[PDB]
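Trainee: Can you read through this structure? Questions will come right after.
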Amino acid sequence: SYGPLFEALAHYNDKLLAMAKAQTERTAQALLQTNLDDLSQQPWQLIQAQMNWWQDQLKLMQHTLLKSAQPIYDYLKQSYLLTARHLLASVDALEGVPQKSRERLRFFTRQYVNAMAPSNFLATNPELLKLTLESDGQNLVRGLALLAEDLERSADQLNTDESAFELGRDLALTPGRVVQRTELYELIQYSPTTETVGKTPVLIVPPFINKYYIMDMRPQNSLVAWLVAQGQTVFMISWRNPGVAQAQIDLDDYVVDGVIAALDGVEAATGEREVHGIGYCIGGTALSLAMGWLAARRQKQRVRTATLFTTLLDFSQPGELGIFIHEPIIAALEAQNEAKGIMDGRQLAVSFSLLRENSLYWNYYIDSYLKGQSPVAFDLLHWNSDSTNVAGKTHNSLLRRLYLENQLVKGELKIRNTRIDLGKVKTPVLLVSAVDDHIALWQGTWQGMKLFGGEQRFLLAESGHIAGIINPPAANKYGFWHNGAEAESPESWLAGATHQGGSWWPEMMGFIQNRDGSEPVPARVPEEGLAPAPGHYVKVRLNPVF
Amino acid sequence: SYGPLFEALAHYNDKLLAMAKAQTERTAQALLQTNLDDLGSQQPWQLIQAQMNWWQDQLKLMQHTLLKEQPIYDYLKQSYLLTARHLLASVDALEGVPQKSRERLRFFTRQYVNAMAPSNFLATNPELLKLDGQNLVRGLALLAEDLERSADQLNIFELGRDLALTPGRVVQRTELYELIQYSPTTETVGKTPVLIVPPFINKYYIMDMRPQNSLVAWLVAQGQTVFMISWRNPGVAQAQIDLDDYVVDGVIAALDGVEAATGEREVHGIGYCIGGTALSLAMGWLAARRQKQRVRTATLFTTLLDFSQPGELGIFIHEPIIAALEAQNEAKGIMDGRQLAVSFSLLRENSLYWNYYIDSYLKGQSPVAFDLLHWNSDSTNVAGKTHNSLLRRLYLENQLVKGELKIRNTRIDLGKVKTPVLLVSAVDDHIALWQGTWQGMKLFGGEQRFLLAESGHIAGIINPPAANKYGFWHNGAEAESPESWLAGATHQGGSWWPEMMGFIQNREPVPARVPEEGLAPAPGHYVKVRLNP
Amino acid sequence: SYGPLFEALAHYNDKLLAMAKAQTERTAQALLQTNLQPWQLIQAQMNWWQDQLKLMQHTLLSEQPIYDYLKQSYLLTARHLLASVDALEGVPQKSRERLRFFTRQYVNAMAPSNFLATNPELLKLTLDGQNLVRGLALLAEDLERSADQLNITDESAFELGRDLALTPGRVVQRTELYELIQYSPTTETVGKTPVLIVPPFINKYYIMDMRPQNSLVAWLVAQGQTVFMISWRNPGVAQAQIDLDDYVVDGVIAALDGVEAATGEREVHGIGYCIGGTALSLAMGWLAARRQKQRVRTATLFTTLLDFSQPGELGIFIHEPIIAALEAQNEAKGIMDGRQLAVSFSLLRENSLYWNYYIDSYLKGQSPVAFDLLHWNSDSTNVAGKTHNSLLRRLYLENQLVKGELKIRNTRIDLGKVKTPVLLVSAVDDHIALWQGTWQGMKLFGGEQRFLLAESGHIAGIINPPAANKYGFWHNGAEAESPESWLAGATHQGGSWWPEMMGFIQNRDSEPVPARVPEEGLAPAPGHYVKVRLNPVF
């Protein structure tokens, strides 16, 4: 029963043989472009050393599992020889590599290795599971505090700087201008790449947990740059990394002084009172709460369409994050957040990982390398560790009002003393979720869809929270499921769904356009504004780099 | 006659818009400073805009109705809408201001409200003005009691930090005064030092308020070694101190103290109000006894030597009342400063709200009016026998204009003083009427000069060249009638301090005198003794 | 000219002092009996009125004399602010926000420029076809956005059914256009003929059911009368085609059928207010034109307009280009927004709401009536688009009812065919329905006619319960040829005209019938339609 695995390894071994042919021809051609006066990528042999381990360990496992029907040690001895062969071949393959690149790979390998160990994160820590296993009361807080301060202190002492990525050069490099800056955000308007653009502009509301540039990573996988290339004027909210000065900022402020203020900022830049809204994770929650706020107060509609990525409105199924949703734990965090003023992102980093794609190594290290790309896994790892703080009041509200009491579903949620009913929102909504998502379980995102009072569409994408959402059409990598019909259950919806391979981005673009008709307007060249894109807020790091 | 008032309000409203634009750009710039570990014009500009809205709308309404149910009830109602709008706009402008900060504005506003009410002061109370032997003396006391207790209920800034912060040293401490020598701010200073004799009816630090409006700091910056007498707040232990003591043991003793610190027997004299009078009697005392002259120049701010025009203080100067106070002062030991603060106010500028609260705020300063009200309410006692001497020997009998006054059994005669004398008075002065001070100049026997400031008792005196806020009248000719010197007087504008500086300068440089260690840092301890802790 | 003013001030100061002493003796006697807005606030305002009037006397007796008065008036304003917040020390924060909100409402309501009808600039623009419309649009949007932030703002606004419109009853019918309320008897025996009340569809009805001390519904009920009330739905865009005709037939007349269903009586006593009185008049006209048996025994009409030739201050809108523009907007949106009508005119403009319904109301121990009136006036309702066009064009502009050209569902209306006795009750200071114009409409009727003129304005003169003993009215049973002649022959009476209305209704008589208890309806009174707000409350 090893056929499909040897087939996958054989497929990669042939793609690697072709690349070695390319590098050999590349090194020879570089010798031609030489002058007498003058004084990055990893070697294919480094990947070949890893490919040989996977093949030899599988062969040894198959050989000793047919021999099964001494025995434990002999397999161990042969597997240690494979590890030793792997150490020698890797060190050899990095012979001509400059020391700086070696420390880069040593850095990114250590991130990957630490991230794939469940004990390194509180949400998947087995010892913390024992405490929650109906074992105790308030010591749970102390037991949780010991694990957190130990996981943190381990990451403190681990915390290389120079060998990193620079925002605006390597990531988040879509041309544009910062056209408005307030306490909570920097509003970026991106430069056009088309002669004509749509009249109704696009406003992207990112999550305030982690930074926005997951949606503008590199030109090949940038949602922002793809949207601009589809003739859309694209605006991005770039949240401030909050400090102690932002301690009293609440979820209500992000809705009103954030999304709503950004909508007004779009009107100042374009003259349009209505925008197409796109929201990701807690930003998708903030976008929905902004629509409910406007509708409850009978304000004129300002969102023509709304696409929500991995957005939780019903928190009944919190996933692994449910381990923290217990009154003693929530109360203890509320005390810390009031005293410290913020929830440290570096503490949130040891609590849970927003990046747990099941195939980060194979699809975004090995596959991206063989596609001629700088490993996308390095970029993803940089983003997951570019932690943001969370304002203490906002984090308390997220913990209690949404995760614990589920106020939005129950109709008890109030934003600036205005009760929020999503049934009054008539904006058409498209919810795009991911089947392997571990932060916003796709069944729970489905449940929130019925809360809206207008047109409702749902798309289920293959893969997880990041990989499934940030899937550019040119990649041709995954698929999605579409069902226009209404259903009584998440499972019934899937049963009636149809599967399509590739990116779901064109479906979102179809959803946005079919609504608009409105004539294409001349391309909007962004005003000079306050600063070039990306802003200053996105570069503020919790562990500063030099 | 509505033109210049709408223009002045337009001038102020335009200055408030520019300050508001400066604050919005400063908050916008503060966003670029985004340190994650530290937290990022105390009055809001909206609060001042609410005041300016009231002034403009009431002036609009009152021009509108003066052009023509009852037409008067209509004006009464509409102005009440403006008062209500002003109340609502003020409370809304103070929403983000801290509660402890809001308790401040309620404090000083109440002071200004009570300080411009004539009924709250005896000298300007209509009921007292309508007065008869015992009935007057018993009544004045009864009225004094009603005003003092009302002030007390209302009564329920730090010296050296917010006010009186010029660096210096206390070089000598006697029973009556602390002598302050200030540190130099220039590499070179004049040889002859400067000694300032402040009034002892109020504390000294009106002449040293803030760096922008401190006379002491300006004089040091002009290359002068400046000394300052700091009168002690007299308690009951000082019940038998006199003007004579303040002259000899207060002023002349300080002259010997100044020589001990510099080696100079001659100083440039500067006197303020009753401090200028005490200096004048001191100068005659040296002249009447034929001692070598120890005062080079004498600048006298609002100095009263002829008391024929007492002003509103006249109601107090009657023979039955003086005797009443003479018996009470000796019985109680001293005259209570809290009662003297109730008697009258030194804070009666015609533009205290406009030039020292609004103009101060628009210049970026913390409101100067707040500091003046803190100083006026920081009253100091006056010794029982000094006060009795001032009421009878000077205010009533007027012994200085005649030859009957004596300082420690020594007949005075200002005609024997040959020192150049400069009088700086105020047109709106209500304590020292400028005609009386000008007449009292003629008692001197040396060169004389008279300068008239454009404002009241303290605003026309505390006017630095950097303010460029007021003006002054001068006239080089000699005139014999009050309307004759002023009719021929010419208006210059700006501060008269450079003109007072020139008078001292016209009559070789010495390395800057660094004050010795002395007894304590300036400000001294006497200035901090408050009647109400 | 200051004497009456000073005397009135001391007149008010005496009650405050008298009421202030009653509070010290009540709290002193409260020390003995134990087991187990501040007056100071009103006194601060009283001091400002007296001190300012004293100042104006002195000043009336160059740049300095002017500035000296202007300075002095500012010290009075500072004293007012200082004393006012001082009196509000121990008052709870929840009530202070209510005082601070209703005060803000009053100041804006007293600025003539805040309403289009009294707007100075619009009068200049009117005195210019497309230009007038575009200019009027500029003031309309400027005033609507300026009223956004100020109106929207707290939960201290009263709750219907608890503080206002709390007269017990049951909602016995619910149609698209209205909910029918039948109230509880409170008396052993009621009159055989029931009373039906038709309120205006512009603004809500609770103005007649404010509080038990001034509720017309509660007073009518206590007078042994079965009282019905029509609670108009706040129309949304789904009601865009509802016309004036539908409010007459599917409104008043359908409600007449509802009254018969719940009592068995085909004949009712009619009471109408403002455009409700117009609809009631048109319903009687419709019934008479089709020769149906009389269903309205008596009709009393409060400040109702049948002749629109004297539109008062509202006539600034009655011009061909303005009405044409409004019709286009009403057809586009489907609805005339009540938030836009809020800044167009005020239905509430008493001469002294502050003196008669805040100061006086406080002196009588009541919660300030000026607050309840302002809450009602701010409780705007939309108007169905076709209905508003009909009101603007067919009545205000063309005046079809007087000329006999008005058609209600293809039925020409002639009020001369109506033989129901009519009692028109108008207000001398009314600014919406000028009383002389209401007198001209009286003659249109073909039966008995009576006219009563009340002393106050549009609201205060009408809602004057007999227990207040506050105003008077003029009655004259003889016919006259002009409003001026009718008033010259009138006789003034002090007090409320409500008993005279009940004399009018009851003197037609019959035998008292046993009190009709409402059946368990769809909902308790007041229903759901009256709670629908244009700006939702928190």
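Going through the structure tokens in order, the chains are called A, B, and so on, while each chain numbers its residues from 1 and the ligands are numbered from 1 in the order shown.
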Enumerate, in order of chain and increasing residue number, the residues of chain B with an atom no farther than 12 Å from chain A, each with its shortest atom pair and distance in Å to one decimal, counting only C-alpha atoms, as a Markdown table.

Mentor:
| residue | atom | partner | partner_atom | distance |
| --- | --- | --- | --- | --- |
| B:24 | CA | A:182 | CA | 11.6 |
| B:25 | CA | A:181 | CA | 11.9 |
| B:27 | CA | A:183 | CA | 9.6 |
| B:28 | CA | A:182 | CA | 7.6 |
| B:29 | CA | A:181 | CA | 10.0 |
| B:30 | CA | A:183 | CA | 9.4 |
| B:31 | CA | A:183 | CA | 6.4 |
| B:32 | CA | A:536 | CA | 7.5 |
| B:33 | CA | A:536 | CA | 9.8 |
| B:34 | CA | A:540 | CA | 7.9 |
| B:35 | CA | A:243 | CA | 7.4 |
| B:36 | CA | A:243 | CA | 4.1 |
| B:37 | CA | A:244 | CA | 6.0 |
| B:38 | CA | A:244 | CA | 6.5 |
| B:39 | CA | A:245 | CA | 4.6 |
| B:40 | CA | A:245 | CA | 6.4 |

Trainee: Please identify all residues of chain A having at least one atom at most 7 Å from any atom of chain C, considering only C-alpha atoms, and return them as a PDB file with N, CA, C and O atoms, in the first residue's frame.

Mentor:
ATOM      1  N   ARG A 297     -29.420  51.920  12.439  1.00  0.00           N
ATOM      2  CA  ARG A 297     -29.601  53.357  12.535  1.00  0.00           C
ATOM      3  C   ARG A 297     -30.195  53.948  11.264  1.00  0.00           C
ATOM      4  O   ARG A 297     -30.230  55.175  11.116  1.00  0.00           O
ATOM      5  N   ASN A 417     -23.776  51.383  22.024  1.00  0.00           N
ATOM      6  CA  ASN A 417     -25.136  51.388  22.561  1.00  0.00           C
ATOM      7  C   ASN A 417     -26.204  51.166  21.496  1.00  0.00           C
ATOM      8  O   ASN A 417     -27.385  51.443  21.747  1.00  0.00           O
ATOM      9  N   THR A 418     -25.825  50.678  20.318  1.00  0.00           N
ATOM     10  CA  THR A 418     -26.755  50.325  19.252  1.00  0.00           C
ATOM     11  C   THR A 418     -26.784  48.810  19.113  1.00  0.00           C
ATOM     12  O   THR A 418     -25.766  48.197  18.775  1.00  0.00           O
TER      13      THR A 418
END

Trainee: As a PyMOL selection string, please: the residues near residue B:509 (cut-off 9 Å, only C-alpha atoms, same-chain neighbours under 6 positions excluded).

Mentor: chain B and resi 188-191+223

Trainee: For N, CA, C and O atoms, I'd like the residues from the last selection saved as a compact mmCIF listing (two decimals), in the first residue's frame.

Mentor:
# COMPACT_ATOMS: atom_id res chain seq x y z
N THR B 188 28.39 89.65 31.31
CA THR B 188 28.75 90.93 31.90
C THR B 188 27.51 91.63 32.43
O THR B 188 26.43 91.55 31.83
N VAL B 189 27.66 92.31 33.57
CA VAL B 189 26.59 93.07 34.19
C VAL B 189 27.13 94.43 34.60
O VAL B 189 28.34 94.64 34.70
N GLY B 190 26.21 95.36 34.84
CA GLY B 190 26.61 96.67 35.33
C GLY B 190 27.18 96.61 36.73
O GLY B 190 26.90 95.69 37.51
N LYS B 191 28.02 97.60 37.06
CA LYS B 191 28.69 97.61 38.36
C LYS B 191 27.70 97.87 39.49
O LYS B 191 27.71 97.18 40.51
N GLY B 223 21.64 92.69 31.79
CA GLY B 223 22.97 92.90 32.33
C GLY B 223 22.99 93.64 33.64
O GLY B 223 23.75 94.60 33.81

Trainee: For the interface of chain B with chain C (cut-off 6 Å, counting only C-alpha atoms), please tabulate each contacting residue of chain B alongside its nearest pair of atoms and their separation in Å to one decimal, rows sorted by chain and increasing number, as CSV.

Mentor:
residue,atom,partner,partner_atom,distance
B:1,CA,C:62,CA,5.6
B:83,CA,C:77,CA,5.8
B:87,CA,C:81,CA,5.9

Trainee: Just want the 6 Å neighbourhood of stretch 467-484 of chain B, counted on only C-alpha atoms, with same-chain residues fewer than 4 positions away dropped. Output as a ChimeraX atom specification.

Mentor: /B:435,451-454,489-494

Trainee: I'd like the neighbourhood of stretch 145-147 of chain B as a count of residues only, where a residue qualifies if any of its atoms comes within 9 Å (using only C-alpha atoms), though same-chain residues fewer than 5 positions away should be ignored.

Mentor: 8

Trainee: Please return, as a ChimeraX atom specification, all residues of stretch 160-371 of chain B that DSSP assigns to strand (DSSP E or B) on the basis of the backbone.

Mentor: /B:163,168-173,177-182,188-190,194-197,202,226-231,267-272,295-301,334-335

Trainee: So which one's closest to residue C:454, C:121, C:500, C:7, C:481? Using only C-alpha atoms, please.

Mentor: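 Among the listed residues, C:500 lies closest to residue C:454.
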
Trainee: Which polymer residues have any atom within 12 Å of an atom of residue A:108, counting only C-alpha atoms, with same-chain residues fewer than 6 positions away left out, as a list in words?

Mentor: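 Selected residues are residues 101, 102, 114, 115, 160, 161, 163, 164, 165, 361, 365, 375, 376, 377, 378, 379, 380, 381, 382 and 385 of chain A.
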
Trainee: Can you pull out the residues contacting residue B:297? Cut-off 7 Å, using only C-alpha atoms, and skip same-chain residues under 4 positions away; I want them as a PyMOL selection string.

Mentor: chain B and resi 268-269+419-421+504

Trainee: What would the file look like if the residues just selected were written as an mmCIF file, in the first residue's frame with N, CA and C atoms?

Mentor:
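result26.cif, freshly written:
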data_model
loop_
_atom_site.group_PDB
_atom_site.id
_atom_site.type_symbol
_atom_site.label_atom_id
_atom_site.label_comp_id
_atom_site.auth_asym_id
_atom_site.auth_seq_id
_atom_site.Cartn_x
_atom_site.Cartn_y
_atom_site.Cartn_z
ATOM 1 N N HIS B 268 20.775 100.765 42.217
ATOM 2 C CA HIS B 268 19.647 101.301 41.465
ATOM 3 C C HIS B 268 18.357 100.878 42.158
ATOM 4 N N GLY B 269 17.603 101.854 42.656
ATOM 5 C CA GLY B 269 16.403 101.572 43.423
ATOM 6 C C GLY B 269 15.173 101.454 42.539
ATOM 7 N N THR B 419 18.279 112.620 44.052
ATOM 8 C CA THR B 419 18.410 111.446 43.195
ATOM 9 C C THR B 419 17.400 111.502 42.048
ATOM 10 N N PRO B 420 17.818 111.166 40.825
ATOM 11 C CA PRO B 420 16.862 111.103 39.708
ATOM 12 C C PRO B 420 15.723 110.142 40.013
ATOM 13 N N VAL B 421 14.498 110.602 39.780
ATOM 14 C CA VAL B 421 13.293 109.887 40.182
ATOM 15 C C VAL B 421 12.413 109.697 38.953
ATOM 16 N N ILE B 504 18.151 104.215 33.966
ATOM 17 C CA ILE B 504 19.225 103.637 34.822
ATOM 18 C C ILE B 504 20.564 103.707 34.086
#

Trainee: Could you work out how far atom CA of residue A:533 lies from atom CA of residue A:168, giving the answer in Å with one decimal?

Mentor: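 Going from atom CA of residue A:168 over to atom CA of residue A:533 covers 7.2 Å.
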
Trainee: Choose the residue, out of A:189, A:1, A:500, A:337, that has the smallest atom-to-atom separation from residue A:483; count only C-alpha atoms.

Mentor: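 Closest to residue A:483, using only C-alpha atoms: A:500.
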
Trainee: If I take atom CA of residue A:421 and atom CA of residue A:199, how far is one from the other in Å, to one decimal?

Mentor: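 Value for the atom CA of residue A:421-atom CA of residue A:199 distance: 29.4 Å.
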
Trainee: Once DSSP has gone over the backbone, tell me which residues of stretch 199-316 of chain B are in alpha helix (DSSP H), as a PyMOL selection string.

Mentor: chain B and resi 215-221+243-245+253-262+274-288

Trainee: Atoms to include: C-alpha atoms. Write the selected residues as a PDB file, in the first residue's frame.

Mentor:
ATOM      1  CA  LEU B 215      10.533  91.847  35.500  1.00  0.00           C
ATOM      2  CA  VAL B 216      13.371  90.254  37.492  1.00  0.00           C
ATOM      3  CA  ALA B 217      14.284  87.861  34.673  1.00  0.00           C
ATOM      4  CA  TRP B 218      14.238  90.705  32.145  1.00  0.00           C
ATOM      5  CA  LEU B 219      16.442  92.924  34.330  1.00  0.00           C
ATOM      6  CA  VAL B 220      18.984  90.112  34.736  1.00  0.00           C
ATOM      7  CA  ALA B 221      18.863  89.569  30.969  1.00  0.00           C
ATOM      8  CA  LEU B 243       6.543 102.111  58.525  1.00  0.00           C
ATOM      9  CA  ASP B 244       9.582 103.541  60.316  1.00  0.00           C
ATOM     10  CA  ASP B 245      10.762  99.972  60.924  1.00  0.00           C
ATOM     11  CA  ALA B 253      19.053  97.285  56.401  1.00  0.00           C
ATOM     12  CA  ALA B 254      18.703  95.623  52.990  1.00  0.00           C
ATOM     13  CA  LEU B 255      21.018  98.280  51.538  1.00  0.00           C
ATOM     14  CA  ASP B 256      23.708  97.204  54.011  1.00  0.00           C
ATOM     15  CA  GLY B 257      22.903  93.606  53.079  1.00  0.00           C
ATOM     16  CA  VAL B 258      23.371  94.343  49.375  1.00  0.00           C
ATOM     17  CA  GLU B 259      26.768  95.918  50.083  1.00  0.00           C
ATOM     18  CA  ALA B 260      27.778  92.803  52.033  1.00  0.00           C
ATOM     19  CA  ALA B 261      27.196  90.650  48.930  1.00  0.00           C
ATOM     20  CA  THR B 262      28.644  92.978  46.262  1.00  0.00           C
ATOM     21  CA  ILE B 274       3.795 101.046  48.928  1.00  0.00           C
ATOM     22  CA  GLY B 275       7.297  99.701  48.284  1.00  0.00           C
ATOM     23  CA  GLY B 276       8.010 102.817  46.245  1.00  0.00           C
ATOM     24  CA  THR B 277       6.752 104.981  49.107  1.00  0.00           C
ATOM     25  CA  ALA B 278       8.899 103.088  51.630  1.00  0.00           C
ATOM     26  CA  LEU B 279      11.887 103.685  49.351  1.00  0.00           C
ATOM     27  CA  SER B 280      11.029 107.396  49.124  1.00  0.00           C
ATOM     28  CA  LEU B 281      10.892 107.827  52.904  1.00  0.00           C
ATOM     29  CA  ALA B 282      14.150 105.865  53.112  1.00  0.00           C
ATOM     30  CA  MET B 283      15.877 108.182  50.624  1.00  0.00           C
ATOM     31  CA  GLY B 284      14.809 111.267  52.562  1.00  0.00           C
ATOM     32  CA  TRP B 285      15.913 109.647  55.825  1.00  0.00           C
ATOM     33  CA  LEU B 286      19.487 109.379  54.542  1.00  0.00           C
ATOM     34  CA  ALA B 287      19.214 112.917  53.142  1.00  0.00           C
ATOM     35  CA  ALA B 288      17.664 114.449  56.271  1.00  0.00           C
TER      36      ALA B 288
END
